[PDB]
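Student: Residue numbers (mature numbering (1 follows the signal peptide of the UniProt record, and there is no 0)): 25 to 120.
Just dropping this structure here.
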């Protein structure tokens, strides 16, 4: 069900945060899924270089970025494990 869930966030196999994220229904090519609203600040927090993909904001907003703008990426919410997993290419990561 849509709403706020306390989740562990992982980027490229690394746990980078734990907290409440709002998930809403989003229809992608005839399939409904729960999709996270992530801010440009939250993406930065998770180690993603938002400046290399300006379309995160331009095709979305700063409050809720367009995650489909990062090429060759996968976003998966594992509801039972309370786990949000983001897979991004190595070049999407910050110098950290």
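Note that CB positions come from ideal geometry on N, CA and C, so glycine has one too.
Go to residue 100, then tell me how far its alpha helix (DSSP H) extends in each direction, as first and last residue.
Tutor: Residue 100 -> not in any alpha helix (DSSP H); beta strand (DSSP E) instead, spanning 98 to 102.
Student: Tell me the residue span of the alpha helix (DSSP H) that contains residue 64.
Tutor: That run of the alpha helix (DSSP H) goes 64 to 69.
Student: Is it a yes or a no for the segment 74 to 81 touching the segment 38 to 46, going by three-plus beta-carbon pairs under 8 Å?
Tutor: These segments do not touch.
Student: According to DSSP, simplified to helix, strand and coil, what is residue 114?
Tutor: DSSP places residue 114 in helix when its eight states are reduced to three.
Student: Taking the alpha carbon of residue 52 as the point to measure from, which residue in 118, 39 and 92 has its own alpha carbon closest?
Tutor: Looking at the Cα atoms, 92 is the closest of the given residues.
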